[PDB]
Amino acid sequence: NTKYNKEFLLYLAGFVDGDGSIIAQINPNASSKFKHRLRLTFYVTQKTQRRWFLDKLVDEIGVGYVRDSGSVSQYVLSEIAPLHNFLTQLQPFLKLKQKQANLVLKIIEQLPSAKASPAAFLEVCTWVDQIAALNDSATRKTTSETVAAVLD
């Protein structure tokens, strides 16, 4: 577990509050027992002309990737243990996105339980709803209600 420098976290927390994204998704997976896969992602988006800033980020964080789309690029971190570690350290410093970070931490922490039971899974799906509500959500599709597929 990497300990991040405080000043780095303070700047990043500001930059994240601006161009960053803390995301929770419920993906429909036919293979999964509950028919859905959870995904948690930390994203930082920037124009591709500036991707070096993102490339540096992979190095400083120590995990993750930069993906490129023509004009715009993103830093993405999805791996759960590194994500929990980085967010734990970030969240004290966030303002706009502090609650989202706390919710993500909660979900991850409760993941194993969530896997052993439909009920524990649905509760946890509600948390995802909460993160989406907090975010500027515009294109969302699958929610905890969709997870009434479990009622069938």
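One-based numbering along the sequence shown.
Per-stretch averaging of Cα B factors for 40-48 and 63-71 places 63-71 on top. Higher mean CA temperature factor, per the PDB entry, when comparing 84-92 with 107-115: 107-115. Take 139, 144, 21, 25 and read off each C-alpha B-factor from the entry; 144 has the highest.
Annotation for residue 122: CA B-factor lies in the highest third of the chain's modelled residues. Residue-level temperature factors show residue 57 in the lowest third of its chain, judged at the C-alpha atom.
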